[PDB]
Amino acid sequence: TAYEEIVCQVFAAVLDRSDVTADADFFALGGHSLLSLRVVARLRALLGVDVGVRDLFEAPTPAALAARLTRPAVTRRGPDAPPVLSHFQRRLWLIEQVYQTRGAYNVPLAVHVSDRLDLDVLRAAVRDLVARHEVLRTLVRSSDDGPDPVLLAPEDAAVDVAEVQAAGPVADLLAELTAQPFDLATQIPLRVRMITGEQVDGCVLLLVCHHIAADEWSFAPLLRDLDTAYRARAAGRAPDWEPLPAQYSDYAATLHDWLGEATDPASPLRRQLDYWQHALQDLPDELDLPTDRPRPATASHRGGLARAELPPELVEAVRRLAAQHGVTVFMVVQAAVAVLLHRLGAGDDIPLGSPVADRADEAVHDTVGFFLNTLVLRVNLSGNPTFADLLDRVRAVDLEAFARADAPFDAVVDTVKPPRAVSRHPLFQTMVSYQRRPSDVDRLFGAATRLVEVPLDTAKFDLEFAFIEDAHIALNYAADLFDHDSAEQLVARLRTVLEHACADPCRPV
Ligand SMILES: *P(=O)(O)OCC(C)(C)[C@@H](O)C(=O)NCCC(=O)NCCSCCO
């Protein structure tokens, strides 16, 4: 996606357009060939990989050209193929065995529908959705060897759909309903609740998935498929879609077969693991941050959410600054957080974790599942560099780390073998992420729909900064270490670093 977004930068800058999308065709937007010499030339200076007009012909779209610049394609297995637990799923199942997460790993998705949907038709749509995505009806029961996936049959996957009347503010009820625990060995990792009442106009459709079966990118497939299925089941027929290109097990199986054994030196896993053992060498145990309380001895996993609204001219300024320096918006937001901690006394070694989506294959681009590997983006701020300088360091660190994004985070932790503490997250405690909410989801289920935020009562790490476009900043802080007022000031201080950065990126940090 980093390669993907940076290619759009050159397409729009060379073709002088604003019609640059992930699925846009270079030649289709008026693209010739000297234009490719300029586009191919610029791509070399930023990404540093060998690109040529030859690549542009084969991959004339940013999405394709990005995948071309960088492993077998996901091959759909047999109809009777058994489920296969991906290394991503193993971590999520494992985390809930070692921690009292309080549902901190339940990802919520709430939509406001102008019409109180038909709970019976909705249920049929939820049953259809679960049947389409095997990941939504796959249980993880513990055994003597390890966790074993149990793919429920469509007839046997008891879906959980129910209506819920709102008494108080639905915002706090959504958080409460979302944080309810999941029993991955007996319950499917999908929960649907239709919140209705006299205080809410129409109803609020809440989809609560456990992260083991869905990530933030699965929101679009879920809503799109639940709309497609809901509309059909409302007409007495089964929803008419074309079969899924692949299932999660197919992606996991193809991914695991290619990853190889960490003991074989020629396998991608060990060869990537080796990069990280060097890249994360002599890593800080933890950053010297300003906390309001000492690190507890138990991970309460409880936290809050401090938001900082971003003016359109500031969102527009950040995008402009990114394009000028040949860096993604994430890299800008990441440098801001790094500077913030650096200015707060963290030091010159700012290890920030970040989620990278493994959705390169076209067979899993719009599929439901968890493809987010956590990566340690180690930013060095020594030598009192300017912001534009740190944008160079960040980009190099990111692109270099993005080429080794397939080593499971848990394996990197085992390879770097860091001093551990159940109250502290390994390698990193501050996470920076850039999310985008689904667009064109305003007329779902034949009504007036609109996404609703769920107030987070939990926190996965000490500090999680999130740049969320519809844009704003969301601070997921650990309640055991930070006070809400302190988080509000910290997210606001991030905004001020961004304001100064765009205005004068030549200023020391
Ligand atoms: P611009 O759009 O005007 O430039 C177009 C170029 C020069 C890139 C190219 O499309 C062109 O004009 N001709 C390319 C045809 C060609 O000769 N390809 C070589 C492969 S043919 C087999 C050789 O063994």
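Conventions adopted
Residues numbered from 1 in each chain as written, not as in the entry; some residues may be left out. Heavy atoms only, no water. UniProt positions renumbered as here; feature names shortened; annotations may be inferred. Helix = DSSP H or I, 4+ residues; strand = E, 2+ residues; numbered from the N terminus. Buried < 20%, exposed > 50% of the residue type's maximum accessible area, 1.4 Å probe, protein only. Expected span 1.5 Å × (residues − 1). Domains from an automatic or database assignment. Salt bridge = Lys/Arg side-chain N within 4 Å of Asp/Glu carboxyl O. Core = buried A, V, L, I, M, F, W, Y, C linked by side-chain atoms within 4.5 Å. Contact = heavy atoms within 4.5 Å. Pairing = 2+ DSSP bridges. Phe/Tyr/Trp six-rings, centres within 6.5 Å; stacked < 30°, edge-to-face > 60°. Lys NZ or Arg CZ within 6 Å of the ring centre and 35° of its normal. Axes fitted to C-alpha atoms, helices over the stretch in contact; angles between N-to-C directions. Parallel < 35°, antiparallel > 145°, perpendicular 65-115°, else oblique. Nonpolar A, V, L, I, M, F, W, Y, C, P; charged D, E, K, R; others polar. 1 Å grid on protein atoms, 1.4 Å probe; cavity = no way out; pocket = protein on both sides within 12 Å on 5 of 7 lines; lining within 4 Å. Points joined across faces, edges and corners; volume = space filled by probe spheres on them.

**Description of the UniProt feature "binding site: (R)-4'-phosphopantetheine" (unreviewed entry) in the chain**
Here the UniProt-annotated "binding site: (R)-4'-phosphopantetheine" (unreviewed entry) positions come out as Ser33. Along the polypeptide, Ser33 turns up in the loop between α1 (2-15) and α2 (34-47). Taking the relative accessible area as the measure of exposure, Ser33 reaches 41% and is therefore partly exposed.

**Re helix α8 (residues 219-233)**
For α8, spanning 15 residues, the distance from its first C-alpha to its last is 21 Å, which sits close to the expected 21 Å at 1.5 Å a residue. Of all the residues in α8, the buried ones are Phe219, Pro221, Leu222, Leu223, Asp225, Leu226, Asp227, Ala229, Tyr230 and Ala232.

**Some details on the domain arrangement of the chain**
Each domain of the chain was delimited in the assignment, giving domain 1 (1-70) and domain 2 (87-249). With centres defined by C-alpha atoms, the gap from domain 1 to domain 2 works out at 38 Å.

**Describing the pattern of salt bridges**
Note that side chains of opposite charge can pair when their charged atoms are close. What the rule picks out here adds up to 24 salt bridges. Among the salt bridges present, the one from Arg395 reaches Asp392, with a minimum N-O distance of 3.3 Å. Here the residue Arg395 and the residue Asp392 both occupy positions in helix α13 (residues 387-402), the gap between them amounting to three residues, near one helical turn. Given the relative accessible area of 12%, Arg395 is considered buried. Owing to a relative accessible area of 39%, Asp392 belongs among the partly exposed residues under this scheme. Among the salt bridges present, the one from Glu499 reaches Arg495, with a minimum N-O distance of 2.8 Å. Here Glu499 and its partner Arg495 are both found in helix α15 (residues 484-503), four residues apart, which amounts to about one turn of the helix.

**Description of the nonpolar core**
One recurring pattern in soluble globular proteins: nonpolar side chains tend to sit buried together. Formed by 177 residues in total, the largest nonpolar core has its most connected members in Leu136 and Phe465. Broken down by element, this core gets its largest block of residues, 12 residues, from helix α12 (residues 329-343). A domain split of this core shows at least three residues from each of domain 1 (1-70) and domain 2 (87-249). Leave out the neighbours within four places in its chain, and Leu136 touches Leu129, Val130, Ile188, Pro189, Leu190, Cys209, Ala213, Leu222 and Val368.

**Looking at the pairing of strand β11 (residues 449-452)**
Here β11 shows a buried face lined by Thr449 and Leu451 and an unburied face lined by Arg450 and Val452. With four bridges joining them, strand β1 (residues 106-113) and β11 adopt antiparallel strand pairing. Looking at β11, one finds that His112 is bridged to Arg450.

**Some thoughts on the packing of aromatic side chains**
Taken as a whole, this structure holds 11 aromatic pairs when the rule is applied. Arranged with centres 5.2 Å apart and planes meeting at 80 degrees, the rings of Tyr248 and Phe371 form a pair that is edge-to-face. Separated by 123 residues along the polypeptide, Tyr248 in helix α9 (residues 248-259) and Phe371 in the loop between β8 (349-357) and β9 (372-380) bring together distant segments of the chain. Take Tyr248: its relative accessible area is 5%, and that puts it in the buried class. Taking relative accessible area as the criterion, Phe371 reaches 0% and is therefore assigned buried. With centroids separated by 4.6 Å and ring planes inclined at 55 degrees, the aromatic side chains of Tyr251 and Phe371 adopt a geometry described as tilted. Of this pair, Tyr251 sits in helix α9 while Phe371 sits in the loop between β8 and β9, and the two are 120 residues apart along the sequence. Clustering of aromatic rings is evident, with ring pairs tying together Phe11, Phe26, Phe27 and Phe57. The ring of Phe182 has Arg191 sitting right over it, with the charged end atom 3.9 Å from the ring centre. The aromatic ring of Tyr105 is capped on one face by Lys460, whose charged end is 5.9 Å from the ring centroid.

**Here we look at the packing of helix α5 (residues 87-98) against α9**
Packing of α5 against α9 leaves a shortest axis separation of 9 Å and a crossing angle of 105 degrees. When the axes of α5 and α9 are compared, the pair comes out roughly perpendicular. Along the contact surface, α5 presents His87, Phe88 and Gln89, while α9 presents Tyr248, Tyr251, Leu255, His256 and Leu259. Here the residues of the contact of α5 with α9 sort into five nonpolar, three polar and no charged.

**Observations concerning empty space enclosed by the protein**
Approximately 70 Å³ is the volume found for the largest cavity. Every residue along the wall of the largest cavity is listed here: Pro83, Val84, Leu85, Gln89, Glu134, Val135, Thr138, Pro149, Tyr248 and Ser249. Classifying every residue of the lining of the largest cavity gives six nonpolar, three polar and one charged. Roughly 60 Å³ of internal volume is contained in the second largest cavity. For the lining of the second largest cavity, the residue count by class is seven nonpolar, two polar and one charged.

**Regarding the layout of surface pockets**
Approximately 560 Å³ is the volume found for the second largest pocket. Around the second largest pocket sit 30 residues that line it, and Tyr99, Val422, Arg424, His425 and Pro426 are the ones nearest its centre. When residues of the lining of the second largest pocket are traced back to their parent elements, those giving at least two are α5 and α14 (409-416). If one sorts the elements of the lining of the second largest pocket by residue count, α5 sits on top with four residues. Residues of the lining of the second largest pocket, tallied by class, amount to 16 nonpolar, five polar and nine charged.

**Quick look at the environment of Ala421**
Tracing the sequence through the fold places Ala421 in the loop between α14 and β10 (430-436). Considered as a pair, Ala421 and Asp285 are 136 residues apart in the sequence and their alpha carbons are 9.6 Å apart.

**Considering the side chain of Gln89**
Turning to its location among the elements, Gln89 is positioned in helix α5. Each residue touching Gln89, except ones within four places of it in the same chain, is listed here: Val84, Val135, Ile212 and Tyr248.

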